[PDB]
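Enquirer: just coords:
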């Protein structure tokens, strides 16, 4: 699973 | 906040031609750009994603192109079934944004010229007792756009009129139109002649009735 | 694989309302976001909120939404949208939509991007207005009586002053469809809706009947129309 939106890296 | 701007807001194309729609992004979106087509009363239909990938079962008449900040949708072999509203939608981010969709573009498909069939319907007997009277004029099956003009005892009506145009027929591109003149019973009973005029370019049709004769 | 929104209704300004999206033929997994997108009548698509189909709690709101709307997973097949402090600007059809994404990686963790919607419900209608539900009055549309009868003739029904949307119109219980033209509704000054439906027929010697349904008030109206 992911952990957030790409703009949160 | 990544703001999708679509242009033009509306566009015309003759049947068989080509139409291009533009999408602009306030910042680069890495080709994460999607295109949808929406017809009235329906949810949007996905056409293109990843800027240029044609979704499954969608006509290859639809081409998505562009990169960076400027994207395009090109419909080749334009048809009546294409008359719809098209939206682009950035897929780069859903964090810190207002709307991922652009404002959408209306695509109008110019098909074969058809003159409207025009009809005026006097108010049913049992309307006047309700205090309000609604006269309904229709222009059926026609293209291109008509304008409608109302007259009461020869004086142009400027108020109490509302027009409702159907979406383009999806086989033949034609419109249907209702124009309805609403008055108070009292207003209605104080005039004799009601006239609806439907003008398509150089051709007009006029339909009248006198309150007394109904 | 489909979706069906529900919970739409006519409500007063200031009211709250909860909408539900129910998935069928699939269940929410870490492969998708589940989303709400609305559209006010005659206007553009407006994204509202997404919630992760996966196990982790990840929610995204449009910036006009966070603080007033809440998206949630209430099961593996249902997502809700709770709306509060509703105003007429919230009048819209509300769609539930499944959202695709690619999980790109960055230094240490994966992130979602490349969002697009591959699945939509037909929507549920939310109508916010100070006006109470009103059943429509239905009037016959026919050519002037003092006018001379033709072979072919067009008749119809004016369906006036209802709220909320929609109504439906059929002719002779759906047996007469050819030549049926039903115009888009029109919201009047009163905030009430109105629409006409006409049909072209030959036989004038016969009456045609328009069937008008307004589910919001549980009304049906039949009007028989004589040339």
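Expert: Structure's in. What do you need? Numbers count the residues shown, from 1 in each chain, chains lettered A, B, ... in the order given.

Enquirer: Look up how far residue B:20 lies from the most centrally placed residue in chain A.
Expert: Closest to where the C-alpha atoms of chain A average out (CA atoms, centre = their mean) is residue A:4, at 2.5 Å. Counting by CB to CB, to the nearest Å, the gap from residue A:4 to residue B:20 is 36 Å. To be clear about C-beta, it is placed using only N, CA and C from the backbone, and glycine gets the same treatment.

Enquirer: now residue C:117: how far from residue B:36?
Expert: 8 Å.

Enquirer: So which residue is dead centre in chain B?
Expert: Using CA atoms, centre = their mean, the most central residue of chain B is residue B:167, at 5.3 Å.

Enquirer: hang on, it packs against residue B:42?
Expert: No: using CB atoms under 8 Å, residue B:167 makes no contact with residue B:42, being 10.4 Å away.

Enquirer: Tell me what the residue nearest to the centre of chain A is bridged to.
Expert: With DSSP bridges as the criterion, residue A:4 is bridged to residue C:111.

Enquirer: Wait, it touches residue C:111, no?
Expert: Yes: using CB under 8 Å, residue A:4 is in contact with residue C:111, at 5.7 Å.

Enquirer: contacting residues around residue C:156?
Expert: By CB atoms under 8 Å, 6 or more residues apart in numbering or on different chains, the contact list for residue C:156 reads B:121, B:136, B:138, C:140-141, C:196-199, C:210, C:225.

Enquirer: Now the buried members of the residues you listed.
Expert: Buried subset of these (neighbour count, 16 or more other CB atoms under 10 Å in any protein chain shown): B:121, B:136, B:138, C:140-141, C:196-199, C:210, C:225.

Enquirer: out of those, which one sits closest to residue C:19?
Expert: Distance to residue C:19 across the buried ones among the contacts of residue C:156 (CB to CB) is lowest for residue C:197, with 29.6 Å.

Enquirer: Where does that closest one sit, in terms of helix or strand?
Expert: strand C:193-201 (DSSP states H and E).

Enquirer: Is chain B within reach of that strand?
Expert: Yes: Strand C:193-201 reaches chain B (CB under 8 Å from any CB of the partner chain) through C:194-196, C:198, C:200.

Enquirer: List the contacts of stretch B:66-73.
Expert: So stretch B:66-73 is contacted by B:20-29, B:31, B:33, B:35, B:47-48, B:51, B:62-65, B:86, B:88 (CB under 8 Å, 6+ apart).

Enquirer: mind checking how far that stretch is from the chain centre?
Expert: The chain centroid and the centroid of stretch B:66-73 are separated by 26 Å, computed with CA atoms, centre = their mean, to the nearest Å.

Enquirer: What's the end-to-end length of it?
Expert: Across its full length, stretch B:66-73 reaches 9 Å between end residues, using CA to CA, to the nearest Å.

Enquirer: What residues of that stretch count as buried?
Expert: B:66, B:71-73.

Enquirer: same thing with stretch B:39-47?
Expert: B:39, B:43-47.

Enquirer: Which phi and psi values does the residue of chain B found nearest chain A adopt?
Expert: Nearest residue of chain B to chain A (CB to the nearest CB) works out as residue B:95 at 3.7 Å. The phi/psi pair for residue B:95 (degrees, to the nearest 10) reads phi -90, psi 130.

Enquirer: touching chain A at all, the strand ranked longest in chain C?
Expert: Longest strand in chain C, counting residues (DSSP state E): strand C:92-106. Yes: counting by CB under 8 Å from any CB, chain A is contacted by strand C:92-106 at C:101, C:103-104, C:106.

Enquirer: in chain B, what residue is nearest chain C?
Expert: residue B:213 (3.1 Å).

Enquirer: isn't that residue right up against residue C:148?
Expert: No: using CB under 8 Å as the test, residue B:213 is too far from residue C:148 to be in contact (11.2 Å).

Enquirer: Pop the domain breakdown of chain C in here.
Expert: C:1-130, C:131-227 (curated CATH domains).

Enquirer: Now do the SS call for residue B:103.
Expert: Here residue B:103 is recorded as coil under DSSP: H, G, I helix; E, B strand; the rest coil.

Enquirer: so it makes contact with residue C:43?
Expert: No: using CB under 8 Å, residue B:103 is not in contact with residue C:43; the gap is 9.1 Å.

Enquirer: quick one: which of these two has more around it?
Expert: Per other CB atoms under 10 Å in any protein chain shown, whichever of residue B:103 and residue C:43 has more neighbours is residue B:103, with 17 against 11.

Enquirer: List the contacts of the more buried one.
Expert: Residue B:103 makes contacts with B:4-6, B:9, C:44, as judged by CB under 8 Å, 6+ apart.

Enquirer: now with 6 Å?
Expert: Counting by CB atoms under 6 Å, 6 or more residues apart in numbering or on different chains, residue B:103 touches B:6, C:44.

Enquirer: Between the two ends of stretch B:115-123, how far is it?
Expert: 25 Å.

Enquirer: can you give me phi and psi for the closest residue to residue B:18 other than its chain neighbours?
Expert: Among residues not flanking residue B:18 along the chain, residue B:76 sits closest, at 5.2 Å (CB to CB, 6 or more residues apart in numbering or on different chains). Backbone torsions for residue B:76, taken as degrees, to the nearest 10, come to phi -100, psi 150.

Enquirer: Can you give me the domain assignment for chain B?
Expert: If you go by curated CATH domains, chain B breaks into B:1-111, B:112-211.

Enquirer: what does chain C put close to chain A?
Expert: By CB under 6 Å from any CB of the partner chain, the residues of chain C that approach chain A are C:30, C:54, C:56, C:103, C:106, C:109-113.

Enquirer: Could you tell me which of those residues count as buried?
Expert: Of the residues of chain C next to chain A, these count as buried by 16+ other CB under 10 Å: C:54, C:103, C:111-113.

Enquirer: Quickly list what residue B:193 is bridged to.
Expert: What pairs with residue B:193, by the bridge criterion (DSSP bridges), is residue B:210.

Enquirer: which residues does it contact?
Expert: Taking CB under 6 Å, 6+ apart, one finds B:153, B:208, B:210 in contact with residue B:193.

Enquirer: Quick check: which element contains the closest residue to the second one other than its chain neighbours?
Expert: Beyond its immediate neighbours in the sequence, the residue positioned closest to residue B:208 (CB to CB, 6+ apart) is residue B:195, lying 4.5 Å away. Counting by DSSP H and E, the element that carries residue B:195 is strand B:193-200.

Enquirer: Can you list the buried residues in that strand?
Expert: B:194-200.

Enquirer: For residue C:209, list the residues it contacts.
Expert: C:172, C:222, C:224.

Enquirer: Next: residue C:137.
Expert: residue C:160.

Enquirer: Now do it against residue A:3, distance only.
Expert: 58 Å.

Enquirer: Ok, residue C:88 next?
Expert: Here residue C:88 is placed at a distance of 39 Å from residue A:3 (CB to CB).
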